[PDB]
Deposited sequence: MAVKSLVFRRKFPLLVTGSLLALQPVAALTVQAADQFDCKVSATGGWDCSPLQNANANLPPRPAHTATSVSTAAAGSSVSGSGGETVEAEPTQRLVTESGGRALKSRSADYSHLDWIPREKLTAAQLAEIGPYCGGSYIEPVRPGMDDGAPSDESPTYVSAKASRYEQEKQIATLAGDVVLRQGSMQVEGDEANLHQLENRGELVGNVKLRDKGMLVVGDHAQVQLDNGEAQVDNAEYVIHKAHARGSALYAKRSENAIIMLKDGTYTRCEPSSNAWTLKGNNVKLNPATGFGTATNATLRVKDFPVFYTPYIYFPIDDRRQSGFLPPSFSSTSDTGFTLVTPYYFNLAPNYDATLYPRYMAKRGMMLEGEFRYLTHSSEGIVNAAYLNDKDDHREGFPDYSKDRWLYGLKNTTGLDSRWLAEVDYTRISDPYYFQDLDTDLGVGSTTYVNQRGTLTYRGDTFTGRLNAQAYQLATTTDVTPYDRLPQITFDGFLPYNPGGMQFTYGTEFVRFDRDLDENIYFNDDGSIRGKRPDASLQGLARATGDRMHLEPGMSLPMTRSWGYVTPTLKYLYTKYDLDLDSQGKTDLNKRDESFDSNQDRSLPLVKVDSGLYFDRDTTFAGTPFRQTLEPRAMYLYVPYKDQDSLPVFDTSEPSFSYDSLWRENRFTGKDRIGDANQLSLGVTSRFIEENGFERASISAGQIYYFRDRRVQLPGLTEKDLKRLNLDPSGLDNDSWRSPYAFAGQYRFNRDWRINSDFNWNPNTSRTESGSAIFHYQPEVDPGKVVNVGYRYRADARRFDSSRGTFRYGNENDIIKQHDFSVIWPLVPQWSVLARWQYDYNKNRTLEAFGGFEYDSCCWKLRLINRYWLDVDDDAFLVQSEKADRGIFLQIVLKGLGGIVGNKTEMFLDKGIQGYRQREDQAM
């Protein structure tokens, strides 16, 4: 029963037809097309069996419509469960004009319903060059989560040599999965990382672990060195929708050099510590109670052992008030600071000292531990109008210490003719008056209406002086001056120092508002006027300690530096942020910064980042003195950061970043590389140089120059992920 023309009849089309014998084979010839839901086979010949049964197209091609999938086979059979099979089959997601990559297997089975394709005697070819063999492979047809290998990552660096990571993904269930990361490192060994992700109706979190038997001996004989390298931790968040909220951020590592050796993904600066925290939080409408157990583990040998807060219990809040009424607030804290000092002495072969442990430079009261309780009620009367406000506030601060000091601290104390009071109290009140005025003005720029505001404010601050030198410092820092300094009731964070203040802060801020309430720009200027000296200081910045070590600033002046600060947004395109702090009493620049960020909304692929940072007024603790310190000539920040990402050709992309430190005249980081994208495959290659954190065997901070090349090819359609890190953090706007 021959047929011709546009023969049509699962649907078996074709230009020609012929049909054949009953119960026997039913053949078909000429431009044959088998079709089905999302399926298509084309070829020269066809053979059917029964009404519902076998099909077999010879010299065939095929196309899976919903995926981008095509291939060819010497022949193709369709069976009962619609499982089509190919012989000498091909599979690819490249366009019909490309041979970018193809999978060629002896048998290739496709199940479009399951979305599962398999191949036996499979080769992966790159531009028809065979690059990888396997006796078996399976791949996904549709883009559902399924377990398997994930796209690998090649690299080569100074710390690891050649590196290969071929992750394996365990798709255990819709709401929890896991991934294995075998890292082969030419220079260290086989490291095995692992992650477990989970999701519940109450909780969400991720487990992480990693092991590696290091073959690198560069750090043999360094303090606290370890041949076995490892890491485990948990992040978890429970009860975001509840008034109870438990939260874990815990990590533990094997040796201090873990991240200095096994990681080049945090970028410059590395990290000196990891967190170990668990927090329970009750969240009521007018008050919050918080149980926080929190400690740090050092990933470094040249920093001092941190305190920990075994139990930190806090209860803050305020009482229901009437509108415009008075307002009562209250904040209460019990904390337990402990710490086990690693002050061991590392000798040479003989008795000569080769290094000093930092904790050994801690003397006297800098070695205390104990309990601190802190109670801080306050009252305030907000008096507001549409155009201004005045809010007076009366606070009372009461802190109690139950200290404990070891033997060496006591001997260090009476060596300085001082005694140790293990029980100390401090009581002092605080008076604060905040006032301001609201001015408005309609304007028009480029034919768009702005509302410009003018907001000037004053805050009088009074806190009596109380010698606090007999107290340790557990949780206190002294922030650098900034415009936000003008409105804080303590020049110190934490509770170990309460600043003596009789001062006035004057400031104004202008804002630019669009019609929808959005804010294009902000400019602010202010200064503080001091009616008394500033006597309360951090240990080693008080007058007694200054002339105990013989130095000498911002102690006795009658005004703060000037504080300027400003932000501007240009349409939805670029953005600029700047701040500047100038000291009139010395005619020098305290700190400053200009940060430009360009990234249009017509094309987020163009990204430019220009940044300058200067800072010379940081107060940091000093490992070798055992005390705090202000002028640190070698820690001055005078740095630029430039980074770019640009599309040279619509499918190519260049990217680079330079980060330069003038204070020492050296590049901190510099890298460049390209990132080409195509229908079926992308490729990213990055040459990189950077200064990595290093603690040498003498307990002295150093840095080493590291170079690296980073390579990732990805064959779209052959597995992958749907959702590098230094490339992410170091270039503002690597988000597409």
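Worksheet item: Given the full deposited sequence, which segments carry no C-alpha coordinates?
Response: The deposited sequence has unmodelled segments at 1 to 172, 182 to 185, 729 to 731, 903 to 905, 919 to 924.
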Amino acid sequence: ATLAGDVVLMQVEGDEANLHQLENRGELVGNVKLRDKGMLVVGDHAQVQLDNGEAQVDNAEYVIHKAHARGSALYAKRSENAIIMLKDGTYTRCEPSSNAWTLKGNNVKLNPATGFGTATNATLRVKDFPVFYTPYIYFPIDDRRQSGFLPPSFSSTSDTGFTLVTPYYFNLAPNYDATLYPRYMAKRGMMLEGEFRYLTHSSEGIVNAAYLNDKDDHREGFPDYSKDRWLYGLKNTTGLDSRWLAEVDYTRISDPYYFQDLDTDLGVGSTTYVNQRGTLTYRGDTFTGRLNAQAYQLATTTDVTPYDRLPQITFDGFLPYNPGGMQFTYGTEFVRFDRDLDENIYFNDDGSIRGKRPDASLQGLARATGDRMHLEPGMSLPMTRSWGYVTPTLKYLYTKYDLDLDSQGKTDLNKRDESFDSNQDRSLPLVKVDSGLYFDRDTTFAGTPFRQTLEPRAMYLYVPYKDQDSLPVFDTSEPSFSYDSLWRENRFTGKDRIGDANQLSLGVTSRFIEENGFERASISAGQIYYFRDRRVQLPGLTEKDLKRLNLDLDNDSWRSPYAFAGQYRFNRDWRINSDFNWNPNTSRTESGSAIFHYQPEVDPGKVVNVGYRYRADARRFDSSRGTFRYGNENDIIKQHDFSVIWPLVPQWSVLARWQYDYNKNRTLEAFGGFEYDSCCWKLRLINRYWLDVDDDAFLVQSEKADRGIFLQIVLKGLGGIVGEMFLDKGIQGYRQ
From here on, numbers count along this sequence of modelled residues.
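Fill in: 36 to 44 versus 666 to 674 - greater average Cα B-factor per the deposited record
Between 36 to 44 and 666 to 674, it is 36 to 44 that shows the higher mean C-alpha B-factor.
Practice prompt. Identify the stretch, either 353 to 361 or 303 to 311, whose C-alpha atoms have the larger mean B-factor according to the entry.
Written response: Higher mean C-alpha B-factor in the PDB entry: 353 to 361.
Worksheet entry | Residue of maximum C-alpha B factor among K127, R372, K495, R277, per deposited coordinates | In the PDB entry, the greatest C-alpha B-factor among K127, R372, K495, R277 is found at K127.
Fill in: Peak C-alpha temperature factor (PDB record), options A210, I253, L234, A73
Going by the entry's C-alpha B-factors, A73 comes out highest.
Worksheet item: Would the CA B-factor of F570 place it in the lowest, middle or highest third of its chain?
Response: Top third by C-alpha B-factor.
Worksheet item: So where's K415 on the chain's Cα temperature factor ranking, which third?
Response: Highest third.
Discussion item. Could you place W244 in the lowest, middle or highest third of its chain by Cα temperature factor, using the values in the record?
Written reply: For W244, the deposited C-alpha B-factor lands in the lowest third.
Worksheet item: Would the CA B-factor of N609 place it in the lowest, middle or highest third of its chain?
Response: As the PDB entry reports it, the C-alpha B-factor of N609 lands in the middle third of its chain.
Worksheet item: Among the modelled residues of its chain, does the C-alpha B-factor of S270 lie in the lowest, middle or highest third?
Response: Its C-alpha B-factor, which the entry lists for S270, ranks in the middle third among residues of this chain.
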